[PDB]
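> Can you read through this structure? Questions will come right after.
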Amino acid sequence: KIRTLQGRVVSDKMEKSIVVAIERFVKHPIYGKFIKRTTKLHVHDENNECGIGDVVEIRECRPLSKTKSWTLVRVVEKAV
Amino acid sequence: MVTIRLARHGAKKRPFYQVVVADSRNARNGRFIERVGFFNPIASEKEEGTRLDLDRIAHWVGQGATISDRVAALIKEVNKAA
Amino acid sequence: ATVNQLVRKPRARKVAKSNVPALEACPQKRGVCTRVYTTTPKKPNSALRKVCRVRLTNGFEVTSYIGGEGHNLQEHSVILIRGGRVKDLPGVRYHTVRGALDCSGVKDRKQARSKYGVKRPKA
Amino acid sequence: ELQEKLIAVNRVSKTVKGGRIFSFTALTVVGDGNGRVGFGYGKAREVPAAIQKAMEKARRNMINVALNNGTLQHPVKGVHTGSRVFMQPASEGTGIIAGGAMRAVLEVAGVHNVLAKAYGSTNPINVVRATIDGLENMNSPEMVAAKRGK
Amino acid sequence: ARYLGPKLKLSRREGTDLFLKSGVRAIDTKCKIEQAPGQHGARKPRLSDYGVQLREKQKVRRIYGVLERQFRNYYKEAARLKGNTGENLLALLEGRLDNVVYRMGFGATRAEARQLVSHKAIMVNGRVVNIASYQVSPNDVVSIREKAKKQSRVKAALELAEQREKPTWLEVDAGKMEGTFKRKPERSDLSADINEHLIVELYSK
Amino acid sequence: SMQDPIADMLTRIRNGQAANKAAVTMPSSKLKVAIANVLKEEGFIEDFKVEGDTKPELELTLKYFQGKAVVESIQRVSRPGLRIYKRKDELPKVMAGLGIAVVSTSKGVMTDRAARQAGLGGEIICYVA
RNA sequence: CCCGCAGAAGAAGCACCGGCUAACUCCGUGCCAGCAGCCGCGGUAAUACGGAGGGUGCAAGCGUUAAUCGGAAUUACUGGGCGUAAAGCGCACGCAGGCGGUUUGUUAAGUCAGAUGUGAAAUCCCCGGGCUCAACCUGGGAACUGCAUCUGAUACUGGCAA
RNA sequence: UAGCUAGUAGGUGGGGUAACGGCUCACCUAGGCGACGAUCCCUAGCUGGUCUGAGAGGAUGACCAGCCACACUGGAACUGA
């Protein structure tokens, strides 16, 4: 299959694009504590179906603008 | 061009050559794709002096690799067994 | 101490700077010895301690102790400063290498001879 | 087969009416060479009387240690006053490599090849007291299996 | 790079016969052993703990004729080898070629054996070895060449080989003047009085 | 508030051994009965008994060999502030094998010997020495 | 590299000796000259200064200086503390954060197990081999504690539902 | 050093490149980054490794090898795979 990620929409307001925060849960190298850690990504969506506060899966593609090398596959869990 | 060639690694007045597969425009003792055998011109009169992986050499010559005069001489020395 | 508090702000021991700003941390430097002095020590000791004041080659003007019994330094006398504190004098941080550029070896010495710049007597 | 050795002698003082008065304290450890370790303090006005009181107190007040073949069994930590002490059996980890005043008690204790590292304070009067406490609460595989059934 | 001095002085600081002058006569008789290692030698030392460890290391080096960087390298090799580091260290000191030439009775002392080894009078396995610290493997044959065979020294040395204890890990045979280092010496096969835990602990501080 | 009931259980057992207490009661859970079954199995407690219907109460009958107490030192390793997950190679032995370390592996709550034999590591709960 | 020649013949210094720290006396100096890494020596009998005799440690080196780590558990993750030694905010409310009672079901993100790809070669480590040995060179392995993907396990933690 | 950013963030279309792309231009939207530390300032080639350490770490990155950058200083292209 393809490698994909899941994350939540952190903001919405851009012209056929979105930005998604990813939560990786990584152990501290010295201290041995599992710490949450984000990764904000500028993600493309044609016809901008996902709004703010959603949860969306996301795959990597060719560059579509500056940063923006990521595009959604499936919007889940939109509940407001 | 990729070349199966020798690369000098022993001490002073005592060379040990390792036969590698390098992009030919690298340095001699520099970057190689894979090493594929060795050649000690002394070693002693014991057992080997030279072993050399003929399957990988045949693979690279199948790919288009060239072979220097020493490596050709060593393959002409270790023909199939001797 | 709580592991969260160290994730927020890690441990940090200070730098523990150098006693000898002979800059770059070079083993010796050379200087010009702007003047030559004798200086009285701190309280439990009493002597007159033979000490020069030196314009180094890196710009720093530092004062420097002169080891051994009797020297031949006078005011221009390019010397090779070494590094090493004399605790008994307030503010000398360096020594002069005896047996170096314009600093002769100690006259009539026989033991610990290498650290005073004196050659082996022929016998 | 008694194997006595002295660790520390000191000069303490008292400060009476007319000047000071100086006394000497020994600190010795005896032990047979197979468990059986004791320490004694002892203090007197001259040094040989001090060491003799120390030996005489150390020959009594002697404790059993459950040694292994020639060494400890499991790593053990003994603490006394300000003096924290680690030991590790070092299964033929050759030679007794301990701090001062711990080398002696481990030497006459009959152990041969442990690894130590005292921490904290390392006053000799309290670093033994932290080796015996230590070697005292170190128990053997026939004692743990005695406790917990098997 | 080697000692070159008064030998019995070194044997007199240690308090023990270091076998440094084995030679013609019997037990010392002109050493004043124990009495005075220098001018204040009549004084008892009251030696420290560092002093006993140090003095044990010096006993062993002054026996086998090794200096400190070489000895220290033997301690590193004995440490990394599997087993008991004291026993490994004595096994490394006993495999030295000058030592094996001394044990076989080819030299009267270890310095004389070291000069036999040094002056190309000794072959191992039919090849001449010039080096005092060559490490003799088990099942080797070390012998004297045709030059420096039937020279007086070695004969006299074999004469005083019978006065000593005939080591178990050798094939001493003096007829052909060749020997076989058969196995590594066990710790229980040598000397019984050196305390190698003291030199393990000396280097491990 | 209570945020580590396992360390609370081990605290009950340390302070029961230290007070020559005959038996120790506490609120019960699946993990505490799993650990308690490991402790009875390895010989550090005498018995356990879970009673109650709507509020279960685990009860550990403690052991005392001589006058001394059997549980010499019980420690909590994987606390909630910092959890400790060891592999089958990193999996420690306590008092050089004379003292078990209760590891929660995927196959269940086991000891260090039993889970190193089973070929799988996990979350190391407590050292019992 | 081998053989032959002549003759011990061409071939030993450097630091230290009060304690720490292995190794001691005499003479000169007399708060001076000077020593010193710290403690500190020297104001007339100085094992601390300068010399000598003696000894100790290293050795074609030996000392000093500079720099790093160690010792230093004196930044403590392993592995420290906070009544009085330095250290509990003057006290609360509370957002983000950290942590979260108990039972069942599902997931399997953390966690664990296995597999695959990769983690260059040299270097470190192990077992061998060649230079008379050693340093050195070298064969094979281990290792590179990682990351990614796939396959599973589901006790604990997390997500979801009750 | 708490705000930084207007080709700036995104979109549509044209151009450009070997190739995606604000790479460039016109128009439209008003975004984007930031206390998980942006922006500014000081320092610095990076790594395999080296030194020390029981270890975890700490320091460092001379030789050897991989990558980057530079070629008196600042800029530009031409030829050419």
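Ordering of the structure tokens sets the chain letters (A, B, ...); residue numbers start at 1 within each chain; ligands are numbered from 1 in the order shown.
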Give the helix (DSSP H, G or I) residues of chain E, as assigned by DSSP on the backbone, as a PyMOL selection string.

chain E and resi 7-13+49-64+68-80+85-94+97-103+110-118+152-159+187-189+196-203

> For chain G against chain E, which residues fall within 8 Å using only C-alpha atoms (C1' of nucleotides), given as a list in words?

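Every residue meeting the condition is included here: residues 22, 24, 54, 55, 58, 59, 60, 132 and 133 of chain G.
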
> Going by DSSP on the backbone, which residues of range 53-130 of chain D come out as strand (DSSP E)? List them as a count of residues only.

14

> Go through chain F and flag each residue having an atom no more than 12 Å from chain C; for those, report the closest pair of atoms plus their distance in Å to one decimal, using only C-alpha atoms, ordered by chain and rising number, as JSON lines.


{"residue": "F:80", "atom": "CA", "partner": "C:3", "partner_atom": "CA", "distance": 11.8}
{"residue": "F:81", "atom": "CA", "partner": "C:3", "partner_atom": "CA", "distance": 8.0}
{"residue": "F:82", "atom": "CA", "partner": "C:3", "partner_atom": "CA", "distance": 8.1}
{"residue": "F:83", "atom": "CA", "partner": "C:3", "partner_atom": "CA", "distance": 11.7}

> Of the residues F:27, F:67, F:56, F:5, which is the one nearest to chain D, using only C-alpha atoms?

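Distance minimum relative to chain D lands on F:67.
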
> For the atom pair CA of residue 118 in chain C and CA of residue 105 in chain C, what is the interatomic distance in Å to one decimal place?

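For CA of residue 118 in chain C relative to CA of residue 105 in chain C, the distance reads 4.7 Å.
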
> What does the structure give for the distance between CA of residue 35 in chain A and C1' of residue 157 in chain G, in Å to one decimal?

12.9 Å

> Give me, as an MDAnalysis selection string, all polymer residues having an atom no more than 9 Å from range 108-114 of chain F, counting only C-alpha atoms (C1' of nucleotides) and skipping those fewer than 4 positions away in the same chain.

(chainID F and resid 31 34:35 38 42 91:94 97 100:104 118:119 121 124) or (chainID G and resid 154:156)

> So that I can see what lies close to residue 75 in chain D, please list as a ChimeraX atom specification the residues with an atom at most 9 Å from it, counting only C-alpha atoms (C1' of nucleotides) and leaving out residues fewer than 5 positions away in the same chain.

/D:86-90,138 /F:95-96

> Within 6 Å of chain A, which residues belong to chain H? Use only C-alpha atoms (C1' of nucleotides) and report them as number ranges by chain.

H: 10-11, 20-21

> Could you save those same residues with N, CA and C atoms (P, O5', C5', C4', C3', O3' and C1' of nucleotides) as a PDB file, in the first residue's frame?


ATOM      1  P     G H  10       2.901  28.516  -0.394  1.00  0.00           P
ATOM      2  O5'   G H  10       1.418  28.650  -0.945  1.00  0.00           O
ATOM      3  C5'   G H  10       0.492  27.664  -0.500  1.00  0.00           C
ATOM      4  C4'   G H  10      -0.908  28.032  -0.902  1.00  0.00           C
ATOM      5  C3'   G H  10      -1.210  28.097  -2.372  1.00  0.00           C
ATOM      6  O3'   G H  10      -1.423  26.802  -2.898  1.00  0.00           O
ATOM      7  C1'   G H  10      -2.177  29.939  -1.278  1.00  0.00           C
ATOM      8  P     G H  11      -1.278  26.510  -4.451  1.00  0.00           P
ATOM      9  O5'   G H  11      -2.557  27.208  -5.081  1.00  0.00           O
ATOM     10  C5'   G H  11      -3.869  26.690  -4.837  1.00  0.00           C
ATOM     11  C4'   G H  11      -4.900  27.588  -5.461  1.00  0.00           C
ATOM     12  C3'   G H  11      -4.751  27.765  -6.958  1.00  0.00           C
ATOM     13  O3'   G H  11      -5.323  26.697  -7.675  1.00  0.00           O
ATOM     14  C1'   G H  11      -5.059  29.869  -5.961  1.00  0.00           C
ATOM     15  P     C H  20       8.233  20.200 -14.875  1.00  0.00           P
ATOM     16  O5'   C H  20       7.709  20.248 -13.378  1.00  0.00           O
ATOM     17  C5'   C H  20       6.696  19.347 -12.930  1.00  0.00           C
ATOM     18  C4'   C H  20       6.677  19.321 -11.420  1.00  0.00           C
ATOM     19  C3'   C H  20       6.374  20.641 -10.744  1.00  0.00           C
ATOM     20  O3'   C H  20       4.987  20.871 -10.662  1.00  0.00           O
ATOM     21  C1'   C H  20       8.243  19.659  -9.701  1.00  0.00           C
ATOM     22  P     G H  21       4.428  22.289 -10.932  1.00  0.00           P
ATOM     23  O5'   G H  21       5.160  23.201  -9.841  1.00  0.00           O
ATOM     24  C5'   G H  21       4.775  23.129  -8.464  1.00  0.00           C
ATOM     25  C4'   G H  21       5.757  23.856  -7.610  1.00  0.00           C
ATOM     26  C3'   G H  21       5.953  25.324  -7.905  1.00  0.00           C
ATOM     27  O3'   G H  21       4.934  26.136  -7.401  1.00  0.00           O
ATOM     28  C1'   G H  21       8.054  24.325  -7.611  1.00  0.00           C
TER      29        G H  21
END

> Under the rule of at most 7 Å, produce a per-residue listing of chain G near chain C: chain, number, name, the closest pair of atoms, and the distance in Å, as JSON lines, using only C-alpha atoms (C1' of nucleotides).


{"residue": "G:31", "atom": "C1'", "partner": "C:46", "partner_atom": "CA", "distance": 5.2}
{"residue": "G:34", "atom": "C1'", "partner": "C:69", "partner_atom": "CA", "distance": 6.9}
{"residue": "G:64", "atom": "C1'", "partner": "C:115", "partner_atom": "CA", "distance": 6.8}
{"residue": "G:65", "atom": "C1'", "partner": "C:27", "partner_atom": "CA", "distance": 5.3}
{"residue": "G:66", "atom": "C1'", "partner": "C:27", "partner_atom": "CA", "distance": 4.2}
{"residue": "G:75", "atom": "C1'", "partner": "C:11", "partner_atom": "CA", "distance": 4.9}

> Give me, as JSON lines, each residue of chain E that comes within 9 Å of chain D, together with its shortest interatomic pair and the distance in Å at one decimal, counting only C-alpha atoms, with rows ordered by chain and rising residue number.


{"residue": "E:83", "atom": "CA", "partner": "D:92", "partner_atom": "CA", "distance": 8.5}
{"residue": "E:84", "atom": "CA", "partner": "D:94", "partner_atom": "CA", "distance": 6.8}
{"residue": "E:85", "atom": "CA", "partner": "D:94", "partner_atom": "CA", "distance": 6.6}
{"residue": "E:86", "atom": "CA", "partner": "D:94", "partner_atom": "CA", "distance": 7.6}
{"residue": "E:196", "atom": "CA", "partner": "D:95", "partner_atom": "CA", "distance": 8.5}
{"residue": "E:197", "atom": "CA", "partner": "D:95", "partner_atom": "CA", "distance": 4.9}
{"residue": "E:198", "atom": "CA", "partner": "D:95", "partner_atom": "CA", "distance": 7.2}
{"residue": "E:199", "atom": "CA", "partner": "D:95", "partner_atom": "CA", "distance": 8.8}
{"residue": "E:200", "atom": "CA", "partner": "D:95", "partner_atom": "CA", "distance": 6.3}
{"residue": "E:201", "atom": "CA", "partner": "D:95", "partner_atom": "CA", "distance": 5.8}
{"residue": "E:204", "atom": "CA", "partner": "D:97", "partner_atom": "CA", "distance": 7.5}
{"residue": "E:205", "atom": "CA", "partner": "D:97", "partner_atom": "CA", "distance": 7.9}

> Could you check which of H:19, H:2, H:35, H:70 is closest to chain C, using only C-alpha atoms (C1' of nucleotides)?

H:35

> List the neighbours of range 102-115 of chain E out to 9 Å using only C-alpha atoms (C1' of nucleotides); skip same-chain residues closer than 6 positions along the sequence, and give me the result as number ranges by chain.

E: 19-24, 63-65, 121, 131-132, 143-144, 153-162, 166-167, 170-174, 177-179

> Counting only C-alpha atoms (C1' of nucleotides), which residues of chain D sit at most 10 Å from some atom of chain G, and what is each one's closest atom pair with its distance in Å to one decimal, listed by chain and rising residue number, as JSON lines?


{"residue": "D:118", "atom": "CA", "partner": "G:73", "partner_atom": "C1'", "distance": 9.9}
{"residue": "D:119", "atom": "CA", "partner": "G:73", "partner_atom": "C1'", "distance": 6.6}
{"residue": "D:120", "atom": "CA", "partner": "G:73", "partner_atom": "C1'", "distance": 7.2}

> Give the residues of chain G that lie within 12 Å of chain B; count only C-alpha atoms (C1' of nucleotides), and format the answer as a list in words.

residues 120, 121, 122, 129, 130, 131, 136, 137, 138 and 139 of chain G

> Chain G residues within 8 Å of chain F, counting only C-alpha atoms (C1' of nucleotides): which ones, as a list in words?

residues 99, 100, 101, 102, 111, 112, 113, 153, 154, 155 and 156 of chain G

> Quick one, how far is CA of residue 38 in chain C from CA of residue 100 in chain C?

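Atom-to-atom, CA of residue 38 in chain C to CA of residue 100 in chain C, that is 21.1 Å.
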
> Residues near residue 51 in chain H, anyone? I mean within 9 Å using only C-alpha atoms (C1' of nucleotides), not counting same-chain ones fewer than 6 positions away, as a PDB file with N, CA, C and O atoms (P, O5', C5', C4', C3', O3' and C1' of nucleotides), in the first residue's frame.


ATOM      1  P     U G  68      40.338  22.652  28.419  1.00  0.00           P
ATOM      2  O5'   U G  68      39.731  21.205  28.139  1.00  0.00           O
ATOM      3  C5'   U G  68      39.047  20.941  26.909  1.00  0.00           C
ATOM      4  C4'   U G  68      38.977  19.459  26.642  1.00  0.00           C
ATOM      5  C3'   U G  68      38.437  18.589  27.747  1.00  0.00           C
ATOM      6  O3'   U G  68      37.032  18.630  27.905  1.00  0.00           O
ATOM      7  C1'   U G  68      40.354  17.574  26.853  1.00  0.00           C
ATOM      8  P     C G  69      36.417  18.722  29.409  1.00  0.00           P
ATOM      9  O5'   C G  69      36.241  17.220  29.880  1.00  0.00           O
ATOM     10  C5'   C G  69      35.427  16.343  29.131  1.00  0.00           C
ATOM     11  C4'   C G  69      35.848  14.901  29.299  1.00  0.00           C
ATOM     12  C3'   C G  69      35.843  14.412  30.709  1.00  0.00           C
ATOM     13  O3'   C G  69      34.561  14.082  31.221  1.00  0.00           O
ATOM     14  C1'   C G  69      37.851  13.692  29.650  1.00  0.00           C
TER      15        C G  69
ATOM     16  P     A H  59      30.258  18.688  25.817  1.00  0.00           P
ATOM     17  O5'   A H  59      31.770  18.618  25.314  1.00  0.00           O
ATOM     18  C5'   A H  59      32.768  19.471  25.874  1.00  0.00           C
ATOM     19  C4'   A H  59      34.137  19.004  25.465  1.00  0.00           C
ATOM     20  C3'   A H  59      34.485  19.145  23.985  1.00  0.00           C
ATOM     21  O3'   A H  59      34.974  20.424  23.631  1.00  0.00           O
ATOM     22  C1'   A H  59      35.073  16.986  24.715  1.00  0.00           C
ATOM     23  P     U H  60      34.571  21.036  22.233  1.00  0.00           P
ATOM     24  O5'   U H  60      35.347  20.135  21.176  1.00  0.00           O
ATOM     25  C5'   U H  60      36.778  20.190  21.035  1.00  0.00           C
ATOM     26  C4'   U H  60      37.273  19.027  20.210  1.00  0.00           C
ATOM     27  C3'   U H  60      36.894  19.049  18.745  1.00  0.00           C
ATOM     28  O3'   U H  60      37.828  19.804  18.000  1.00  0.00           O
ATOM     29  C1'   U H  60      36.464  16.912  19.616  1.00  0.00           C
TER      30        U H  60
END
